[PDB]
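Cβ sites come from the backbone with ideal geometry, for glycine too, and all protein chains shown count toward neighbours. Every number in this text was worked out from the coordinates using simple rules, so none of it is lab data.
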């Protein structure tokens, strides 16, 4: 299971990323950054 | 300077305070705001 979302970044630049469905945000916010 | 706080008016009269992204274009925010 997974999900894809539009992550907004610097000056509002739109970026697309794929994230796990069940893992908590705390374990993914580091590699995502 | 990355964000600004504003009060948004919604249906029939409820006012809600929100902190918006100061540089993304408004059209990108209207959907999640609703």
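When both chain B and chain A are represented by their alpha-carbon centers, they are found 22 Å apart. Computed from the Cα positions only, the extents of the protein assembly as shown along the three principal axes stand at 40, 26, 20 Å, in decreasing order. Going from the fewest other Cβ atoms within 10 Å to the most, the residues A:18, B:20 appear in the order A:18, B:20.
For residue A:11 and residue A:33, a Förster radius of 22 Å and the Cβ-Cβ distance give a FRET efficiency of 0.85, rounded to the nearest 0.05.
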